[PDB]
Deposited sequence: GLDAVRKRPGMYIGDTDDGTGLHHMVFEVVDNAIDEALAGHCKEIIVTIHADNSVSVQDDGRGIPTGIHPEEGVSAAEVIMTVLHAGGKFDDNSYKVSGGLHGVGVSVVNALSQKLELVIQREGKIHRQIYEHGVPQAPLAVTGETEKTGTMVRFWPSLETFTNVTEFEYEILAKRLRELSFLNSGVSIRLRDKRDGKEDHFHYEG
């Protein structure tokens, strides 16, 4: 399944050779946080372009569920990240690495994937007084060509739009490569 997406990435994510698909990856992750905002449980989304060719999307929602199915021994989070609004599992499949961190029920949970394949089970990594979900991913350089870096104005245009289409949600955009920051929120 993840193999399928890796074989024909352009079908799932858009053109892989001109930056379209690259940016669609970010928007799919953001759409999941927006859905949590539409459900009334997320007030702020922070999108960060890091200086190591990754993007992170952090929300202050309920957190992705962290329970385990007792007979399968697989977490809900893993199911969400690995099984086929094209969906975050596609993003995962087309990422050399993806990091999920969930803050929920007083605990921090984390899992790492490479090309969609989990590296270890979802694990507890601390305690927290906050809630929400963070996805950070490093796009596959076997998939994307020509435009392999995130472009601030593409994200800024669309995040601004998302903030006015979902009035009340605060969307912050941050670029670690030059300190640029924007705050999109509409009343």
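### Query
So which bits of the deposited sequence did not make it into the model?
Residues lacking C-alpha coordinates: 85 to 102, 206.
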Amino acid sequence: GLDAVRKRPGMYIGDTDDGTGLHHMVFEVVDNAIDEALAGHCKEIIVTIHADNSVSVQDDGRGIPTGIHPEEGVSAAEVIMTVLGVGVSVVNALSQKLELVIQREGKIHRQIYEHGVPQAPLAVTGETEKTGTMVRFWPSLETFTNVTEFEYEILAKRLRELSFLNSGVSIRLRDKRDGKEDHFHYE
From here on, numbers count along this sequence of modelled residues.
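What we label the rigid core is the largest C-alpha set whose atoms superpose within 1.5 Å from one form to the other.
### Task
Just give me the stretch that moves more in 6 other deposited structures of this protein: 65 to 73 or 116 to 124, judged by RMS C-alpha distance after a core fit.
Greater root mean square C-alpha distance in 6 other deposited structures of this protein: 65 to 73.
### Query
Per the PDB record, is the mean Cα temperature factor higher over 118 to 126 or over 66 to 74?
Looking at the record's C-alpha B-factors, the answer is 66 to 74.
### Query
Taking the recorded C-alpha temperature factors, which stretch has the higher mean, 1 to 9 or 178 to 186?
Stretch with the higher mean C-alpha B-factor: 1 to 9.
### Query
Among 52, 59, 142, 149, where is the Cα temperature factor highest, going by the PDB entry?
Result of the comparison over 52, 59, 142, 149: 142.
### Query
Against its chain's modelled residues, does residue 34's Cα B factor rank lowest, middle or highest third?
For residue 34, whose C-alpha B-factor we compare with every modelled residue in the chain, the answer is the middle third.
### Query
Which third of the chain does residue 112 land in by C-alpha B-factor: lowest, middle or highest?
Lowest third.
### Task
For residue 173, return the chain-relative third of its C-alpha B-factor as stated in the PDB record: lowest, middle or highest.
Answer is lowest: the recorded C-alpha B-factor places it there.
### Query
For residue 157, does the deposited CA B-factor place it in the lowest, middle or highest third of the chain?
Within its chain, residue 157 is a middle-third residue by C-alpha B-factor, going by the deposited values.
### Query
Looking at the C-alpha B-factor of residue 100, is it in the lowest, middle or highest third of its chain?
Answer is lowest: the recorded C-alpha B-factor places it there.
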